[PDB]
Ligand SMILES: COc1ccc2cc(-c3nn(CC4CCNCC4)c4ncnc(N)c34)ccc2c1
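Next comes just one chain, in structure tokens: the form solved without the named molecule.
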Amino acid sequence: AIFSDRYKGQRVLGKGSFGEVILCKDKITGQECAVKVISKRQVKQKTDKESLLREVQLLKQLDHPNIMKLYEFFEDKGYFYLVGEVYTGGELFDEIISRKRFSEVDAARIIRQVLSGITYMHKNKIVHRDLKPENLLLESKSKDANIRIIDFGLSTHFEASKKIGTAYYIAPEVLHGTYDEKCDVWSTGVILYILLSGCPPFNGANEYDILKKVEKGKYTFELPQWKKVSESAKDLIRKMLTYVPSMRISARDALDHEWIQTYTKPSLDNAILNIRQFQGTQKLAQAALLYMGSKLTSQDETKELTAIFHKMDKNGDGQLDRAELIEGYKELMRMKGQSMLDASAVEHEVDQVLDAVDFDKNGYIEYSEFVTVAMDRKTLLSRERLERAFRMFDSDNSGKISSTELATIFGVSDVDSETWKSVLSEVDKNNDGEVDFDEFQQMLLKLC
């Protein structure tokens, strides 16, 4: 049972909480697979080895259209290799925001697939615990292809050490300690909630606040977009989001619910908008943040940032790359108050996360992107800088930002061409065709 003789590694594919996904080619069978590489040094193993191996064997025995099929498992002296089938379609929410129309029917199909997979896995007595939209992938880029869930049953054995974006979906019983499979349902519920509103039912500025909200267990449907949503869906959400597990609806029961039953043979535009805002700011938001960072800093800020950036830009090309980011990281953090005693590997890892704040994805971090990093969001997106920015964008001072004004500030000046119209619409909540300060602020602060 050895990896190198069985599979061949090529290039990194995706980012996982427990380990990193890499595309691999097979020696003898000549097929492409996806391997999750988990580090014994980086992550802790909760259960003993034999238990993990047993669970993995059971997983290798299993098969369902809505779960990630697990082919092989390899244990290296240093690392763990978890081999399964490949996925090219990417995460679900991205595909959702890619499309123009999103109705309760689509969400019903999605949740049906999810709950089907969940029901199968529960039939074999397996619990995910950590269920997120990221764990929902599409096997192919083809439209209306079905969903496959990944990292099923791995959470029980591993606990990561890196942590905001799992608090939205975690179940109260999981937070309090011991739990059963129904926690997954709760998680699914949360997703469904988002799917219909584009906002988390339990929300907060940071992990602590979000966890406070979910632990309190209280939530509402007061948001305006819920007026566009049928009552049955809200009822199903209520049954899924009950604090006490025994009273909570099971996955199998939920699969036969009235909502999912009926809606599987209007458009929730504000919802999908809020999903786009939720997701990576694939919007006017990135351009606005970059503009604010590069052009709207005070003299002291510009001086300090330019100085530090010069110190980190070793070859002086005007870009920061992986190596320069690594060599300059500890000193940058030393500058930002917050790490002398930092292991080279976690330094490379955090440097990689910052490489995930590389908006244009050219592989380099510019000065503007760098300003987002060096300046905490509290300062860069203060009330003052936001107001000044909005005032700059709003030339005629009407109180709203027009498409033409956006085209004027940072524009090739194609007001038509559906460029600026599409870019505007992604932020235009009330559909007046303009951006008031509320929407600008919500855009840059991910607020609802």
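The term rigid core refers to the most C-alpha atoms you can superpose between the two forms while keeping them within 1.5 Å. Sequential numbering from 1, following the sequence displayed.
Form solved in complex with the named molecule: not shown, discussed below.
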- Which residue, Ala389, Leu381, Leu70, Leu406, has a heavy atom that falls within 4.5 Å of the named molecule in the deposited complex? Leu70
- Answer key: of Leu154, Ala251, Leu289, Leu195, within 4.5 Å of the named molecule in the deposited complex (heavy atoms) is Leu154
- Query: Does any heavy atom of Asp209 come within 4.5 Å of a heavy atom of the named molecule in the deposited complex?
  - Reply: no
- Heavy atom of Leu273 within 4.5 Å of the named molecule in the deposited complex: no
- Message: Considering non-hydrogen atoms and a 4.5 Å limit, does the named molecule approach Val86 in the deposited complex?
- Response: yes
- Query: in the deposited complex, does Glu91 have a heavy atom within 4.5 Å of the named molecule?
  - Reply: yes
- the named molecule in the deposited complex: contacted by all of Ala167, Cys183 and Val214, heavy atom 4.5 Å: no
- Message: Only one of these stretches, 145-153, 102-110, 226-234, 372-380, has heavy atoms within 4.5 Å of the named molecule in the deposited complex; which one is it?
- Response: 145-153
- Task: Can you tell me which bits of 7-36 touch the named molecule in the deposited complex, meaning any heavy atom within 4.5 Å?
- Result: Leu13, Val21, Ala34, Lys36
- Using a core superposition, identify the member of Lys295, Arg109, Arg252, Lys213 whose Cα displacement between this form and the one not shown reaches 2 Å or more. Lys295
- With both forms fit on the core, has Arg391 moved 2 Å or more by CA between this form and the one not shown? yes
- Query: Can a Cα shift of no less than 2 Å be assigned to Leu424 between this form and the one not shown, given superposition on the rigid core?
  - Reply: yes
- Message: Superposing on the rigid core, is the Cα displacement of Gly280 between this form and the one not shown 2 Å or more?
- Response: yes
- Since the Cα separation of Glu426 and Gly204 moves by 3 Å or more in the deposited complex, tell me which way: closer or farther than here. farther
- Query: By 3 Å or more, the Cα spacing of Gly16 and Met375 differs in the deposited complex; is it closer or farther than in this view?
  - Reply: closer
